[PDB]
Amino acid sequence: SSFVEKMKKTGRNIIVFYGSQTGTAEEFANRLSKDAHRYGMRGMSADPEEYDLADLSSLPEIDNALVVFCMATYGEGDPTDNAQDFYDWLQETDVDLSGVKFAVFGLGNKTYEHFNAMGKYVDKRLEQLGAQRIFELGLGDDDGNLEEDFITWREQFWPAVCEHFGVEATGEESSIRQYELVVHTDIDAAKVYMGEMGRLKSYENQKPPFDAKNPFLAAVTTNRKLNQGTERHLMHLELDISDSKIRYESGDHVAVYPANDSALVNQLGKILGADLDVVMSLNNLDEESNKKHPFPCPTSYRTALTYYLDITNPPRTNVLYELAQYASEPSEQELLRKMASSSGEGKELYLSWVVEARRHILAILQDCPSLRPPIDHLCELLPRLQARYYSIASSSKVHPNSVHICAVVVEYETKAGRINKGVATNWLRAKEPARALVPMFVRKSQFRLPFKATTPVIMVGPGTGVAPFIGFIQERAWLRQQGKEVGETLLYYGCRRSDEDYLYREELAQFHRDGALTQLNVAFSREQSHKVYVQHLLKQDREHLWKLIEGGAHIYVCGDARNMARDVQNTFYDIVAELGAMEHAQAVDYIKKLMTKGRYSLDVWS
């Protein structure tokens, strides 16, 4: 069906499409949608995947039509999966889009190579096609504060919409709920969702194919502490994927659906005076929408807060606003309402009291005790619980029936004096081997060993960034066993101290001894007065690396995307520049060209 038609039949004039993988763009597109009403308009949001964007040329059939795109960027400046189709259409079309009015707010991250490439492309492309831009491209940077970037952009978008179409601010800034509660006092267990995603009993009754809507419940066969310290916890997990038909290659990611901490869930129900065990269903008031429920329903509040809702990340400002109405104490309600301001003391207190203090929902309800919202409203405001991604640490050629994970457990004390715990890592940490099921699925990536086994590989991955390389080395050794010629295999690893967080020390030492690992160069950053990192070791090896590089070797960089990846790339620029005799700007082009040839791959996060 045509989305243009859908709009006509439902009285909508504004449509906001979201390109989203972890729900942020979606929630953004939703907030925009509910906003239409405050300016004499009717909006709806949509998943472009469910429609045909070629229908865009029919928008003029609706008076005052306005389309907005909230797009996030992924792997190498690529579109999220639900926008892939739209992308492909944008590239092969030359359709005349005169008369179409648009606005684009891109969700991206500066620490990545191709920053906000999706939004930039969509925005640049609609114009080339003939459409009319009504408001500047929004560049949301998640390395800074995406939320503020977004509210700053919205605050300027609406006025520009008002001006252009000749509409006005009703000022009816009141509150509206998307869903209505329905208690299920009389229900069977076979009818109640218990944390599974997609269809009911999908966890209990496992049938392929397994994906993000149908996760395969893998058994934890191994789960061992990797480091000797006790200040931190680094672990190696082995999830048994036998009988799942699931396939993967070293370089691919493994995603998992965690559960929130039991206690935190109880502290929540207890402070809200809510019987967490009540089964219920929240139903969408707009009987036209596909999204009938904010999460699988019916289901108990307990199940909802443990498996479907994010209760740990600092809430976005729109969530702090709606809650403000359930705070009786004047000064406590003052605080919460103000934090929604774009700037002034509102942005200040928001960034400081919420974000920097890393205050989760329970922390808020705690430091503003007069605040007492109903639990069902909260369930509609909170974001969905996302799966977490990990770089598979196994080679499917050695471990076809197992998927390995190397992770560091997140736990830190906040300025608010609280102890915060990462959701998936603590959860994975409590899974006992030899009972203990992890819901997971494999996501393909372009991170891959060279096509030819003889091509040399330069791997750089300190800390948990060593994960995909453990698989690479396993595979490379296995390739030598199959009696094939294997090029040089170098791993530039790093950690703080050799007697603390040296991950896989034995396994890596054995590999080098067996000859599979051509070289093992490790940088201990805290064993001497000053810092010693991987980019230092790369510098010292300037000669051999230039040789391998000019020879056609493949470079791989995995781990921290904030500083490490950037410093390592600057070191590689310096190598090419100093030894290629060319200029630094030329070295930069050189390294960028390698990325496009598939010979300089990145697997970084933060």
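One-based numbering along the sequence shown.
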For this session: Mind giving me a quick count class for deposited residues absent from the model between residue 434 and residue 435? Options are none, 1 to 3, 4 to 9, 10 or more.
Result: 4 to 9
For this session: Look up the CA B-factors in the entry and say which stretch, 422 to 430 or 284 to 292, has the higher mean.
Result: 284 to 292
Problem set entry | 243 to 251 set against 329 to 337, stretch whose average Cα temperature factor tops the other in the entry | 329 to 337
Exercise. Between 489, 145, 535, 170, which one tops the list for C-alpha B-factor in the PDB entry?
Worked result: 170
For this session: Going by the CA temperature factor in the entry, name the top one among 351, 72, 473, 103.
Result: 351
Exercise. Among the chain's modelled residues, which third holds the C-alpha B-factor of residue 166?
Worked result: highest
Exercise. By the record's CA B-factor, is residue 123 among the lowest, middle or highest third of residues in the chain?
Worked result: lowest
Seminar exercise, completed: The third of the chain into which the C-alpha temperature factor of residue 48 falls is the middle
Problem set entry | residue 41 CA temperature factor, ranked by third within the chain | highest
For this session: Rank-wise, by C-alpha B-factor, drop residue 412 into the lowest, middle or highest third of its chain.
Result: highest
